[PDB]
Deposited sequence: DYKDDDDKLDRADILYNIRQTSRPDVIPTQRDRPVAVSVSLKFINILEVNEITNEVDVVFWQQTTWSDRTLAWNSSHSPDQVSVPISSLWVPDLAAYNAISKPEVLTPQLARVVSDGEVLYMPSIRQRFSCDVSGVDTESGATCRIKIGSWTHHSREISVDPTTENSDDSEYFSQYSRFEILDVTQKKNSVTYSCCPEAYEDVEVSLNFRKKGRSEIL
């Protein structure tokens, strides 16, 4: 049934179409687990970090009966709709470090969690402070407003490399909504706050 399931997903799902249920927004969960902090610059206020970007959402049309079938499959993301998330204050392309496969569950829920390396512009002052710096990253949909996509956040140092020259103090995630000057609509995002200190 596993090739069957991939087949059913590809015949049934269009990657270029938002899986909106009954003209409700598509609820996406976003969550970052930091793995490393590689380059910090206090003169230019730029940081280099590696993290797992956990992204989950639902496409109920994908679902299948798993009484005698596998409960899950791994699928190339090029066969799915994936939300067009962006980090607003990113100053580089995000470098994907892991195979780009999503996990689909028989109920129609999807998990995509690449490990990503990326550079951001953010407040770095206090890095050499026992209070540490707090760097804020904002992530949301680039071209879908809140009527279509809604972004909700789900040991902060649990998988953090210990060989990093930095140490994490806390990670906190909060939901925001913003309307920009060019356009009438609002865009939901998550601000992740990364509190870290040099060692």
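Take the full deposited sequence, match it to the modelled residues, and report the stretches without C-alphas. Comparing the full sequence with the modelled residues, the uncovered ranges come out as 1-9, 164-167, 213-218.
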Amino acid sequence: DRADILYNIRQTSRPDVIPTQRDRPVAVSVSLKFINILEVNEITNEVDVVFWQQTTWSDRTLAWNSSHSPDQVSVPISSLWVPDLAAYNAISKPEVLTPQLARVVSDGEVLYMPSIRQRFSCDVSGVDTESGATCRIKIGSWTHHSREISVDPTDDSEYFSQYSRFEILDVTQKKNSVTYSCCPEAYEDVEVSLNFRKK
From here on, numbers count along this sequence of modelled residues.
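Is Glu158 one of the residues left unmodelled in a third or more of the other entries compared? No; none of the other entries leave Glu158 out.
Report the stretch with the higher mean CA temperature factor, choosing between 19-27 and 187-195 on the basis of the entry. Comparing 19-27 with 187-195, the higher average CA B-factor belongs to 19-27.
Can you let me know which of the two, 74-82 or 121-129, has the higher average C-alpha B-factor in the entry? So the stretch with the higher mean C-alpha B-factor is 121-129.
Say you rank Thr56, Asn36, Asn45, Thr154 by Cα B-factor from the PDB entry; which sits at the top? The listed residue with the largest C-alpha B-factor is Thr154.
In this PDB entry, which of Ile139, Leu32, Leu62, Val49 has the top CA B-factor? Out of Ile139, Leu32, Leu62, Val49, the record gives the largest C-alpha B-factor to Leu62.
Ranked C-alpha temperature factor of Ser161 among modelled chain residues, by third: According to the entry, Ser161 has a C-alpha B-factor in the chain's lowest third.
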